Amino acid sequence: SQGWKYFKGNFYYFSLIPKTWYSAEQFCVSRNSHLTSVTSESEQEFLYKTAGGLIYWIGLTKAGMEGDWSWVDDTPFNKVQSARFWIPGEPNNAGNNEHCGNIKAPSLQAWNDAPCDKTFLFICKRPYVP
């Protein structure tokens, strides 16, 4: 694709077609990428500003028996440093059925937990590799 956007060593694809969380991830994997992780304030800002107020699936999903949040691209999840990135009151596990996460609010406090079977646009991430 020519639509990939560049920021700090990584390329990002903002989809034009909505998919479920896992179908989105599979699309990313077919393009040599994963649903995006978020590992700094600057990256969170780039993503929510680029999202322009629309909801995008990101790589947030539950893992292990505790149900701690994790990144599908296998970036270790930093719970301490990620607290600042959830919309206040989230993750709220509405209906006991919200096991995936998206960028929802256009703010540094952007993330929401939503049902994985919901269809949203999505964001892939790919490190530049020469």
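One rule holds for the numbers: they count along the sequence shown, beginning at 1.
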- Task: Select between 90-98 and 71-79 the stretch whose C-alpha atoms have the higher average B-factor in the entry.
- Result: 90-98
- Of 61-69 and 100-108, the stretch with the higher mean C-alpha B-factor in the deposited entry is 61-69
- Chain third (lowest, middle, highest) by recorded CA B-factor, residue given as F7: middle
- When the modelled residues of the chain are sorted by Cα temperature factor, does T50 land in the lowest, middle or highest third? middle
- Message: Is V29 in the lowest, middle or highest third of its chain when residues are ranked by C-alpha B-factor?
- Response: highest
